[PDB]
Amino acid sequence: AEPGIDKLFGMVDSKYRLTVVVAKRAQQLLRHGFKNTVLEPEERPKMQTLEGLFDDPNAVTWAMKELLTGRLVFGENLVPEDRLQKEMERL
Amino acid sequence: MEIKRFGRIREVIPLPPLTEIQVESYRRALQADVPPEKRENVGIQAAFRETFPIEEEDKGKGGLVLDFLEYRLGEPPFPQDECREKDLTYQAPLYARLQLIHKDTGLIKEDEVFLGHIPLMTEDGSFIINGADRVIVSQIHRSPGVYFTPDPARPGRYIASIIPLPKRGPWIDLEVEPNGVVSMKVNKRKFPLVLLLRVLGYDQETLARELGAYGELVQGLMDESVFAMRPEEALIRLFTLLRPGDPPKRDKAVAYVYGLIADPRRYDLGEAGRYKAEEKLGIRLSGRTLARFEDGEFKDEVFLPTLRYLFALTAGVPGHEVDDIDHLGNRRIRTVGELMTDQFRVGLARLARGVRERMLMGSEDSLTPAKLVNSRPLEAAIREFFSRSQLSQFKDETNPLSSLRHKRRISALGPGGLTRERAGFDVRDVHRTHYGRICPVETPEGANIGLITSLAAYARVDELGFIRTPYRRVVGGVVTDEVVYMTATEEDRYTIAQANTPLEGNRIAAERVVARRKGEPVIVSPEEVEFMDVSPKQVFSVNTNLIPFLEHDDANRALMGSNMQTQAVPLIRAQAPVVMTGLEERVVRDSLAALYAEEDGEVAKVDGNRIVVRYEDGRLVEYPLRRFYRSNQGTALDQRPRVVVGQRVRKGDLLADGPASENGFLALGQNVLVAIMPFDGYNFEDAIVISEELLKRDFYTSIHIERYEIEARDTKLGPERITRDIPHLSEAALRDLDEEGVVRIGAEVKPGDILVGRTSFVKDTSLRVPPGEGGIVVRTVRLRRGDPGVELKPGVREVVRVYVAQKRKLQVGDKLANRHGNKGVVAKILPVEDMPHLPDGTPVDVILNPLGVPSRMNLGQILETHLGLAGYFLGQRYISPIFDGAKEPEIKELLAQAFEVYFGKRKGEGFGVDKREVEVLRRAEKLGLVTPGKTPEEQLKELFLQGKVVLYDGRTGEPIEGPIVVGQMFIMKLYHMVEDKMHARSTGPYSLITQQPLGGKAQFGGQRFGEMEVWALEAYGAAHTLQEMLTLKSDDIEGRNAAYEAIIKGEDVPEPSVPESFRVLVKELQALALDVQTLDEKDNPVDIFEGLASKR
Amino acid sequence: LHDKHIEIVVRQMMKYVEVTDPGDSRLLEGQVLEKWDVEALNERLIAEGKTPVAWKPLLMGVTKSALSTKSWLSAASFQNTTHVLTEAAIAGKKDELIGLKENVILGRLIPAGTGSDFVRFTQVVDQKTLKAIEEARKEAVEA
Amino acid sequence: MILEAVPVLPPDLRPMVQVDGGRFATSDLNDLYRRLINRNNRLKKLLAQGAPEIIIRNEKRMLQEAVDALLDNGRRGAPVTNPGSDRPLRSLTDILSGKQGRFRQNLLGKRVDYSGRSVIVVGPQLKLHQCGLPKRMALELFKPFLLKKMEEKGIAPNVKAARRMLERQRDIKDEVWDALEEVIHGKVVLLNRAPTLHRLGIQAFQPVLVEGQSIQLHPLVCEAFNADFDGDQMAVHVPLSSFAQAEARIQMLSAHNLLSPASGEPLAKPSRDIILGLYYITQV
Amino acid sequence: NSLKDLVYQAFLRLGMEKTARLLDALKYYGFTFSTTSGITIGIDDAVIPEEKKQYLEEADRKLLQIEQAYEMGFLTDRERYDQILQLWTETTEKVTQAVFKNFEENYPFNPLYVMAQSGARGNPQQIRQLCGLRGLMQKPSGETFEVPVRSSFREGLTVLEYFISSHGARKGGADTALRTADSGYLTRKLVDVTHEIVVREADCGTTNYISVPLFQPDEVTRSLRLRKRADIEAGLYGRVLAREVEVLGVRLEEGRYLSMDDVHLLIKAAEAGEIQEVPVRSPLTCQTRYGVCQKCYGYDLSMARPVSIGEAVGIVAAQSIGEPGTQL
Amino acid sequence: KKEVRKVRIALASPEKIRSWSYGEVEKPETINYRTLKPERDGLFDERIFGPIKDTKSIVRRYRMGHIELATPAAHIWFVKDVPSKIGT
Ligand SMILES: [Mg+2]
Ligand SMILES: [Zn+2]
């Protein structure tokens, strides 16, 4: 399955919120590239044949195992929306 | 290899010709062989003599007498071989000898007029219509005549119906209303029957003397004496009851149209309505119907007996004389001959109206052949009946059994006005008279269950859709060889024994004998028996009579097994089943698939394509072979020679194999070693595990031929030329296209390779191998405008058809099945080393999951497996009748002999009992299978008697704990059409009206996603998934283009706009006077469109 | 089978009442119960005027309850577009995009599942960009 | 509520598109609009020139019936196409209403692009979160994914060269198969049974490349689908968007849906064969 | 049943991944031991118990007196038919009991008996047909034939008996072929009527509830007995308590979802005889405008945890209603 | 930008129709067989529905025409519905 799906159901009230947040996370991971990660130093996804899971074999698992750490914060209205919604799509 | 038969029953008669129904029907319909002078008139000659002799007494140029003399037809324009190579109809033109007479002088006789072309039936029983061949299935419906049915509401009374044919004809209904009313509605308006009774000239005194003497319900008609003294003015009043507005001075307008010929049925004398009449009521019905026109007055022989006997039934009781709607004695089968005759007479009546009009507008007289008869109406009627009718269906030439069963298949539905798909649950069930006439198992599962059926093997239609079952006459206690074919109504009067009753030869050996009094299983003494069943085979169909152990199988599983037997593809090296029933030779003989020696003689030459045989008369005859003939379903029909040069043959002896025959035996499938034990998971629920042994030697291998076609036609831009040249690029791949446009024969082809090079306006539109699979090109046919005898679709200059053959071998995707319905799919093909094997080195072929046996009820396959086990060592085949097979002691003794042979061969090599076998024996001893205290010799023998032998795993080497049943079973590979083929596509052609993706010939096309899948997808929280799968992936052209471009660019797909589905919806509401705009939170409109709604 | 589903369908089966004592509209008309819930709340309590909209609960089959709906998209897609569209056209019918069939026809985000406005939008940001934007926040609070 | 100016549909909603040889297949809306325009122009010139009163009434009736036919066909007579083709014309009501109309055709969406179907076989060597996918349909289903991923490496210079190289199976290479297994390392596909009687008739799975023709299915879902192995077929869909991939992998993945929604009973319960085996091992 | 309980308990106490891994390993070992253990079906495995033979004789003897009882005119057709039906349906059960007693006593490891005892395949009726007798066979009119089927598939059926069983085969086939589409149409109706229900909510202040009974109001004309465990489970499992209840020294607070253990405890308490009805929140009393609230809806899902806010419970409700209709 | 919440369906004034449409169509000439381009002001005219070449063709999906009938007409639905809207 996926790492700690029960844990993932732990910190979110509704599973649909979980789906939204993880997929949106994958969306920035695509748009800025996988440089904007918060698990860089030691614990990265580890591919079998090589270290291919360093860059981008699957963004959804990247976002999920990003969420298991405490470095991800989500909310209904956490940031003034307009600034980052116009700065996200333009780079 | 010997064959041993088990059944102890003497078949007093053999199977009648399995396809005789269609052959006899059509040969009676077409009397071409007999001279036209012969008395035989029913069929097409009946239609001619009935309608065509138009007479005109006085209308303008009176004296018009167009009479019929003879008819003839003797030469098809082309042989049926070209008729299949070139898409013609295997037909013969019809000529009629007609002649014209006037009241004045003149006898203008035209001997030969071509009036339509009528198709001719082939030897087997099919018809070739346009290239392909079809079969016209027999139909079952109400037998014409007189029936009495209880009132749907009123329980005390009932109604009578006299039902002639055609539907555009009489339909008489008699009913009794207690106030003294005998109501009779003719077509749509009810009418007091007493007026019509007076019309026929019956007066009151003899009516009371001969009818009202016994019954007190005579007051139901004797009450109406006010208008029963009117001989002829009754005719005027009755015609006034009709409302045509015409003057009443038409004595024989509608009063006589129910006379001799026009309206009332011409049901065959004696039976078709008279047997339904004369035995049902009265004594005999002289003539064809009720009529009198020799004196202007009217006479009948029907209405008086009908009213008398109805009054007897409603008052007293002559008998339980209520006719069941589904009783088979009151149902009648229209064969292909009857359907063809009816369509022919419809077309002939159309021609009669046309010629009447032509005469009415005709001025002079010497115009008999041309200005009178035109072939267009009758030809069109015949062609439409043989092309687009419901009962003329594509022949299923998958194997001889399929074609034979299709030829002997009876349908309850048909043109539509008889019975249709929606609701038929009342009639789908079988009846007590189906015993020996209709197989209660042949019905196909699905919507058409019970409606479509097949008749019994011993069943025979006599002359009028009335199936007769054979029966042996029993006199006292001796069973006589005399055989009588009996009808249902005749059958319901005697006591019928059963074929399995013990017999002393010519004497019944039982005290209590089972019987059917009237469709009711009872027990009687031998002295009260009159008739005996000929054979159990008569109670089931041909396709059912092929199942060996039917007595130990379930009805549903028998149904599906018999259905899969029909769709078994023939194999390259097929072989007859180890356990057979005894009908395989009859099936291969009666279905014209093999070649037989018509007379005693010696073979002269045997080649791969023809056999020249010199008979004893000194005449040598050459038999060609359809070496590789594509079937309707795409299989292959081959005749393999079975004789050697200079070999003596006997009369009726085999010459060459059929498509699926070993040596005069129906062989569609293989005999394999099957072990019934659950393997790891690869036989989970119904799946099947097979060795590579069946693949290392080609053992389940078949030939499949696909027929591609392409047209070059004349367009407004210009003609399309099929040329070797390719316009733009392909020249390196053109090397395969050796000749002009067509690919060279014998060249292997892959999907996506050019096959026919056709050029348009220069634009390349070339037929290519479809994505998927391709084999070896074998044949190419080109038909151009230079027509020798061929025709083309208008505007098409030429056509080419290409046949590609490929050798399908058994693989994972395929499915297999036995004769007992145990469907399966090959789930894994194991190597030979890791399959279970006997103590001897021989490994088993196929592994079957036991759990499928108790869930269903098919113990027949277990007995078959035991008998196949015995046969594998004894090296012999067995024949067992379905309900007179081998008892358990017999197969036990055979297994004992087989074990004797097997273990004696084991000991001859100098070996005892393996240690693995010793511990397995001890384990089985703890399980109670084998009696304790015995040596491994007799313990293992007793284990063999159970049909179980020790097996070794082959992967571990350790024996399988507990014994396993193993044996030889007959398994056939089922017809494998596009059903498995991967309709898997990504991007292909899209539809034109809407942008839904749909392919077909070019690409497979998408998958149904319907509404139930929408509901299931949206039961989950799936939101964007449904949005993409309904708009991005299905409808939005720019959305799917952008998605494709983005995924090529490796980016997330863009969001859809307010989707073009809803923008189309808004613009469609905009098209009418409507007003649709999307609103924000407050009452201020939000423009869906960017700036496109604003003008300028 | 659990009883939640049967209870759900039975509730949807009897969501209709027909008023008997007229209020601000005709009397012999029946539709959604919650509409008179709100209307009685307004008439008696939210606004002045003690006019009791005395209703009786109407029990109609699955078919009739499906047919009579406040939204006209589902009704048009259900049985007959002509009559339904005519009725919805006589009066300006502001069809609320409540219900799932309607949003299927609209092709927009389905209200259920992920498309619920409760979870439809949910800002997500990683921790380091959170520190960056929060530093921008506290420096935006000047002095 | 009676209309004075009649709106005219945009052309692409009712296009006359060529089929073959210059002939154009047309929506009947164009024919009805042409008829109405002809009638209106006749009325215009008639009123312009002169007013024969009976003729004016007749042509007023003609225009009114033409407008009637345009708005909808069938209610007053049966206006038809050019004589010889007795097929009634298709009107605005026909496009909107009907079993196959604007409302009833978006509600089903009978066709989907990335889909396939095949016969299914037991997949006992696979785990419950996996499904066996034949290599050929796996290759073709993810075709744009394959193109992009092998463009990431130097297998082909551009996408067009990739399409031309993959257009024939004689040029397949093991590098292509490595790219394939790279593509679908985290992707999932939706398996679907034709009669979808409940929610579990759609189930996500992780594809595993296999050699063969049939789709290998985990035996334990043999009852979630009402699918035996008597040869009946089952279909596969591939969602593209990463958002939809998240949806399928989170809430439609079969490893997460082990209990019924109809009750608390499990649907991934051990099936017949496993039950028999474990009964045999734990019997005294 | 033990496997199902095991899986459910593991799901409750471990979660998602562990239950999946347990299922994987359990299936793998079940396959391996089913292979190596060697379960096979032969014609001798369908053992025929001998004692049933004298049973038949007694039944036969009884028929004679009944026939004689009908010969003296003491019986009418309807009551004679009822007596014969009762006798045959009683002796069939007697033979089945004898068959199972024989299989217990003599052959614990018989393949038919092992798959009957376990949940693999088959029913006692199917095993009786295989080994005992498929006595009563129904007529096309809907009644049942007077003459039963004495033989089994271990033995050979007479021609007449197979012809008779064809009637029931055809009946079942047609019934399936129609009820499939009929149930699909029913599901269509349900989804059309209930497609508006979606759980979007703050907990509605519903001071209302439904009292789910714990005793059958009428199992006899006037008597109370605790409902069948399955019924109470389907009425209470996954609900929300309307108000606090304390029944056996345990304080079930108001607003607490009834888990499986709570349902069992309530059933045991009702067995002791403390309470007879449970007040629970329900959709029937929810005050949510378009949908139901989480509290009023409940706790049952694909998981066990309380329902997430925002799922179309109406569609899944319709599907759960309609899916079993096909095999009904 | 704002989410769609209500869809209002209503009747149309003649002034509403005139504001909605961009020009009037008055020839019965969609497209000639010779001139594959729109022939004249007919049902497919170029300048009234937007260009057929590459705004996109979606104006020819969105922009609509109109016909100014000299004689008024009534919608068939409001005269033929089972409750005749004019008749009621
Ligand atoms: Mg199946
Ligand atoms: Zn609530």
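Chains as they are written, first to last, in the deposited numbering: chain A, 2 to 92; chain B, 1 to 761, 785 to 1119; chain C, 1363 to 1505; chain D, 512 to 795; chain E, 909 to 1236; chain F, 2 to 55, 81 to 114.
The beta-carbon is built from N, C-alpha and C at its ideal position, and this holds for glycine as well.
Delimiting residues of the beta strand (DSSP E) encompassing residue i
i                      : result
residue 643 of chain D : 641 to 645
residue 469 of chain B : 467 to 475
residue 418 of chain B : Taken as a continuous stretch (DSSP letters only), residue 418 of chain B belongs to no beta strand (DSSP E), as it is neither H nor E.
residue 726 of chain D : 726 to 728
residue 899 of chain B : 899 to 902
residue 821 of chain B : 819 to 832
Which residues DSSP lists as bridging residue i, in chain order
i                       : result
residue 1109 of chain B : B:1101
residue 881 of chain B  : B:553
residue 130 of chain B  : B:132
residue 409 of chain B  : B:454
residue 160 of chain B  : B:148 and B:174
residue 1126 of chain E : E:1131
Best match in the options for proximity to residue i [C-alpha to C-alpha]
i                       : options                           : result
residue 1430 of chain C : C:1419, C:1446, C:1418 and C:1415 : C:1446
residue 1415 of chain C : C:1434, C:1379, C:1476 and C:1494 : C:1379
residue 281 of chain B  : B:301, B:296 and B:1001           : B:301
residue 1049 of chain B : D:793, D:786 and D:758            : D:758
Terminal residues of the alpha helix (DSSP H) in which residue i lies
i                      : result
residue 593 of chain D : Taken as a continuous stretch (DSSP letters only), residue 593 of chain D belongs to no alpha helix (DSSP H), as it is neither H nor E.
residue 838 of chain B : No alpha helix (DSSP H) holds residue 838 of chain B; the beta strand (DSSP E) holding it covers 838 to 841.
residue 617 of chain D : 613 to 617
Please list the residues of the segment 829 to 844 of chain B that have a C-beta atom closer than 8 Å to any C-beta atom in chain D, keeping them in chain order. 834, 835, 836 and 838
To be precise: take each residue of the segment 938 to 949 of chain E, compare its Cβ to all Cβ atoms of chain B, and keep it if any distance is under 8 Å. Which residues remain? 939, 940, 942, 943, 944, 945, 946, 947, 948 and 949
Check each residue's C-beta against every heavy atom of ligand 2 and list, in chain order, those closer than 6 Å. E:1112, E:1114, E:1194, E:1195, E:1196, E:1200, E:1201, E:1203 and E:1204
For ligand 1, residues whose Cβ lies under 5 Å from any non-hydrogen atom: D:739, D:741 and D:743
Closer than 8 Å, Cβ to any Cβ of chain B: which residues of the segment 11 to 32 of chain A, in chain order? 16, 17, 20, 28, 31 and 32
Contact residues within the segment 1450 to 1470 of chain C, judged by C-beta distance below 9 Å to chain B: 1451, 1454, 1456, 1462, 1466, 1467, 1468, 1469 and 1470
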